[PDB]
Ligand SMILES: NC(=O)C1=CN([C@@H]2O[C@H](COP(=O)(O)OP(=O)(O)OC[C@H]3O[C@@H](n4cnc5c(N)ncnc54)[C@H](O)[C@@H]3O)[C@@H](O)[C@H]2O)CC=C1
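The data below hold one chain only, encoded as structure tokens and taken in the form deposited without the named molecule.
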């Protein structure tokens, strides 16, 4: 399997690339692309780690050599304005060079950029709804951390379902579904708010000087590695991502996905919702739909 990271020179890209270099299956390939001219040496830096993952890096305006042969494309470039055009340009190159790959959109605003990517793929005539993913995994590992801390559980043992979108009120952690624990009314309210604003914690703690890069690299790595396990034939691999699903709530929606050799193998039910969660779901959907329309309109 060959994984291409676009935007590999930024904070998220370098963290992601480091984890993939050390954790992808032996015999994989990792290609790094970023407009920053340092990118070939980010790959050379990583190439000195003795794992059986061949890694090369590319800069300039042409992402094609990084995308040659790619099976998975993870897109972390950017910093709406500028990121809309970057995602559009880069998905255009993906559609021309490796249209059969699975595409993981990390570039935010994920709610909207996944829609941009969809429309660019549709105009290219190669759009496969089962191969376009909004990487929401950072919401899940955050929820796992906060619930484990509150409830005195081991962090690696707690898994919190999170559905919906990837920003603010559209992020819906399903605390009612966490096995073995229950939450008071205040704890639901506090936990949900913290999860929906967790990125702001880092910004304030960085004194406004940066954003979440290292935890985001870890979350993208978790998704990217599960996806590759599935594309190599492992079964029972379930991960949540923002995908063009059936559309019962919105055109794109994050829900549990059984992954397979062709991307999404099955969109799984979001399951039973508490009255709090059903109400938060209904309250955010207009915002989520307008995030989606913004991305559709950028391209069309």
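Numbering follows the first chain given and starts at 1.
Absent from the display: the form deposited with the named molecule bound. The rest refers to it.
Residues 34, 78 and 106 are all found to lie within 4.5 Å of the named molecule in the entry with it bound, as judged by heavy atom distances.
At least one heavy atom of residue 12 is located within 4.5 Å of the named molecule in the entry with it bound. Although the partner is absent here, residue 211 is a contact residue: one of its heavy atoms lies within 4.5 angstroms of the named molecule in the entry with it bound.
The named molecule is not drawn, but in the entry with it bound it has no heavy atom within 4.5 Å of residue 158. Residue 295 falls outside the set of residues with a heavy atom inside 4.5 Å of the named molecule in the entry with it bound. Stretch-level contact check against the named molecule in the entry with it bound with heavy atoms at 4.5 Å: of 64-72, 47-55, 264-272, 34-42, the positive one is 34-42. For the residues 132, 221, 178, 90, the 4.5 Å heavy atom test against the named molecule in the entry with it bound is passed only by 90. Contact with the named molecule in the entry with it bound, judged by any heavy atom within 4.5 Å, is made by just one of 118, 216, 163, 141: 216.
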